[PDB]
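Okay, so here's the structure we're looking at.
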Amino acid sequence: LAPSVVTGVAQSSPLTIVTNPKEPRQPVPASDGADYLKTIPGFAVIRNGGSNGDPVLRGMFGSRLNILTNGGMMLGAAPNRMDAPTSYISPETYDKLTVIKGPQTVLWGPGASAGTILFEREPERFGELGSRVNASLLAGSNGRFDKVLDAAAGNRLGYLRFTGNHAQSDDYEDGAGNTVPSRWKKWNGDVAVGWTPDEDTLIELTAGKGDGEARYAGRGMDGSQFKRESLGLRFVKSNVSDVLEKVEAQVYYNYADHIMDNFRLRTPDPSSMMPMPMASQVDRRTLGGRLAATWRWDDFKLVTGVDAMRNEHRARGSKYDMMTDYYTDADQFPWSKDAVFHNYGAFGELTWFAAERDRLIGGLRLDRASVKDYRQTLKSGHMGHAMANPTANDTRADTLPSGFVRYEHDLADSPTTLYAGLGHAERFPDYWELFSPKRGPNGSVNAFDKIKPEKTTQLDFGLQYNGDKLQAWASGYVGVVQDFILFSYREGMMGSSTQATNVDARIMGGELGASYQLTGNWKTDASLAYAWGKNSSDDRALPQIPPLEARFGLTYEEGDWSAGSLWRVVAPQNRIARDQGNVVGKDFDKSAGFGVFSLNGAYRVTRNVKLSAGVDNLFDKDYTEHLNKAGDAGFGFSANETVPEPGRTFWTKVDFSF
């Protein structure tokens with residue numbers, strides 16, 4: 001019954017990590033989707049500024065991760081990923097966060113090489129008329145203030161539920177004393193009304209908006225706007241027949257509208273290679289749907305379904321004159337669409353409960369993806385001068401089958417699950433893998449033409465030991481990527497020119513962790529995370545792989561309250577690939593190891609209020625992580641200074657529940 005601050009999260013079941021993102025988290029997370037994953041072993045984040053970092057699972061970056069918000073998928077708009085999907089997520093507003101590791105699900109959408117991440121709000125249910133309400137405030141160093149509110153009323157046959165949050169923090173300072181350009185401010189409000197005419201039927205309509213700004217020490221422009229608007233429509237039925245137990249259909253609509261610029265949160269760099277006032281606006285309209293049936297008879301849980309999605313990128317940029325010096329903002333100019341993706345697919349996943357102690361799971365899905373290039377012309381060929389785009393209105397498509405099988409066995413003597421699984425996923429290229437790179441494979445025409453789908457074939461295995469005093473778990477993976485999409489960086493005349501290529505990679509790695517109850521109120525727990533990758537085409541290492549990392553926790557509990565400390569130690573990373581990486585990160589230098597210590601405590605003052613506090617980086621260590629971006633230079637950043645992590649940090653949080 002003793003309340004605690006989360007420092008790490010175990011596998012609850014094979015390949016599956018399920019956590020509730022409203023409980024306090026030790027390295028206190030900026031109010032975005034990424035940082036709520038730092039506690040999950042296996043996840044590193046690329047630091048861009050103070051918030052809105054880009055998650056990386058087992059070294060795999062970007063769209064190899066399937067990030068969903070109530071089954072619907074929010075997509076960014078920026079050509080350099082300043083609005084990564086998790087920019088628009090505030091995990092504190094959802095009731096559950098689930099992670100599935102490796103390519104071991106077909107239910108939630110296509111091409112999930114690395115894993116699947118699910119934030120969901122769960123349906124309210126009401127006896128008679130009643131109302132619940134949760135709220136929490138968090139105050140901390142450097143102007144950190146996060147309010148958050150959920151509230152729902154309803155009765156037997158309906159409900160309406162409001163969730164909202166507002167968070168903001170000022171520039172953090174490192175362990176060395178300097179102020180890091182890393183300001184931010186965010187909010188979200190979502191409403192949901194739901195109808196339940198009888199206990200076997202549910203419909204819910206959802207609407208929400210959100211906005212945010214964020215200063216970026218690593219990127220050459222800041223985020224002036226992260227406007228999001230959503231509309232959702234769920235429908236479920238239970239116990240249709242006696243072998244058809246659930247039918248769910250849902251339609252989502254997510255619109256992102258984002259302005260990056262260099263004069264609202266920063267003044268334009270004088271020397272630079274861009275001293276103009278400059279802004280660029282980008283939107284992404286997304287419409288998608290899912291439709292699934294669960295059948296159960298005998299020892300068989302079969303889920304069949306089809307899905308579809310369409311999304312639409314548009315852009316427009318500022319134009320600044322250099323003799324009248326009258327700047328015309330972008331929103332006084334027409335929208336110039338340039339990409340439309342589509343996806344339709346169908347899927348099934350069968351689960352066989354053969355015997356008490358053995359389970360057999362297998363999924364397949366067939367996807368029909370396609371994109372059309374509406375860029376009538378391109379910024380290439382000179383000072384970036386216009387040049388007729390050879391793929392103008394060209395359309396690419398492909399049919400792509402994924403699938404997996406996984407066997408889980410429970411030993412008879414000990415409380416042990418052993419599991420092994422083989423999965424193969426194919427992924428149609430990203431918006432960013434197709435339109436962002438300034439050139440495509442050697443002797444291509446552009447990137448949109450020649451960039452192949454990436455097909456990943458991975459073996460997953462591990463165990464769970466969940467007995468009385470000891471709980472342990474371990475997952476490993478070995479896999480091969482064929483046609484890994486990979487960016488190389490040159491510089492000539494104007495800036496770091498990207499070039500996307502298609503290479504084969506070998507990847508292995510694992511994660512394990514354990515938690516031991518020494519006494520009735522003393523607890524300890526450690527976790528370990530290693531990722532490894534090799535570029536087989538060039539016999540190079542893979543770029544942008546997080547180094548080996550270990551966490552150790554120790555906890556004292558007393559029913560009413562708890563305290564804990566936390567040692568995080570990370571090794572250097574001596575496998576690099578200079579000037580290669582992804583659309584976010586170049587790899588440059590070998591990283592330095594480090595360790596960071598942290599203190600936390602929690603107190604249950606009553607049934608409704610519950611307090612929590614912590615100190616992050618107690619010994620004010622000045623460190624940087626391998627995957628962080630480089631600092632701007634127009635921010636006083638040396639040759640290739642990565643962006644420093646935050647120094648000593650104090651935070652306190654109160655959690656209400658009437």
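Numbering starts fresh at 1 for the residues of each chain in the structure tokens, the chains themselves are lettered A, B, ... in the order given, and ligands are numbered from 1 as they appear.
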Can you tell me which residues surround segment 281-288 of chain A at a distance of at most 9 Å, considering only C-alpha atoms, apart from same-chain residues fewer than 4 positions away, and format the answer as JSON, numbers by chain? {"A": [72, 73, 74, 75, 76, 77, 78, 79, 250, 251, 252, 253, 254, 255, 256, 257, 258, 259, 260, 261, 307, 308, 309, 310, 311, 312, 313, 314, 315, 316, 317, 318, 330, 331, 335, 343]}
Which of segment 408-441 of chain A fall in helix (DSSP H, G or I), as a list in words: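 Output for segment 408-441 of chain A, helix (DSSP H, G or I) only: residues 431, 432, 433, 434 and 435 of chain A.
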Would you mind reading off the distance between atom CA of residue 648 of chain A and atom CA of residue 592 of chain A, one decimal, in Å?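 The value is 19.3 Å.
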Write out as a ChimeraX atom specification each polymer residue whose atoms come within 10 Å of residue 59 of chain A, counting only C-alpha atoms; drop sequence neighbours fewer than 3 positions from it. /A:42-45,55-56,114,507-509,530-533,542-547,627
Excluding segment 563-575 of chain A and any residue of its chain fewer than 4 positions from it, enumerate the residues within 7 Å of it, using only C-alpha atoms, and give them as a list in words. residues 541, 547, 548, 549, 550, 551, 552, 553, 554, 555, 556, 557, 590, 591, 592, 593, 594, 595, 596, 597, 598, 599, 600, 601 and 602 of chain A
Could the residues in this selection be written to a file with C-alpha atoms, as a PDB file, in the first residue's frame?
```pdb
ATOM      1  CA  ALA A 541      29.106  -0.071 -37.445  1.00  0.00           C
ATOM      2  CA  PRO A 547      25.415   2.590 -25.303  1.00  0.00           C
ATOM      3  CA  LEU A 548      25.141  -0.021 -22.602  1.00  0.00           C
ATOM      4  CA  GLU A 549      23.206   1.257 -19.659  1.00  0.00           C
ATOM      5  CA  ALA A 550      22.462  -0.034 -16.144  1.00  0.00           C
ATOM      6  CA  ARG A 551      20.123   1.134 -13.369  1.00  0.00           C
ATOM      7  CA  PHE A 552      20.088   0.186  -9.714  1.00  0.00           C
ATOM      8  CA  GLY A 553      17.391   1.149  -7.249  1.00  0.00           C
ATOM      9  CA  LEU A 554      16.973   0.795  -3.511  1.00  0.00           C
ATOM     10  CA  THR A 555      13.771   1.449  -1.588  1.00  0.00           C
ATOM     11  CA  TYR A 556      12.597   1.703   2.010  1.00  0.00           C
ATOM     12  CA  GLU A 557       8.837   1.379   2.628  1.00  0.00           C
ATOM     13  CA  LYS A 590      32.777   8.374 -29.331  1.00  0.00           C
ATOM     14  CA  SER A 591      30.747   9.018 -26.215  1.00  0.00           C
ATOM     15  CA  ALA A 592      31.929   9.250 -22.610  1.00  0.00           C
ATOM     16  CA  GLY A 593      30.576   7.035 -19.858  1.00  0.00           C
ATOM     17  CA  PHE A 594      29.018   8.493 -16.729  1.00  0.00           C
ATOM     18  CA  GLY A 595      26.898   7.866 -13.667  1.00  0.00           C
ATOM     19  CA  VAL A 596      24.029   9.833 -12.155  1.00  0.00           C
ATOM     20  CA  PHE A 597      22.457   9.584  -8.699  1.00  0.00           C
ATOM     21  CA  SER A 598      18.959  10.587  -7.641  1.00  0.00           C
ATOM     22  CA  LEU A 599      16.731  10.625  -4.557  1.00  0.00           C
ATOM     23  CA  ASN A 600      12.959  10.318  -4.275  1.00  0.00           C
ATOM     24  CA  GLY A 601      10.229   9.905  -1.718  1.00  0.00           C
ATOM     25  CA  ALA A 602       6.466   9.631  -1.517  1.00  0.00           C
TER      26      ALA A 602
END
```
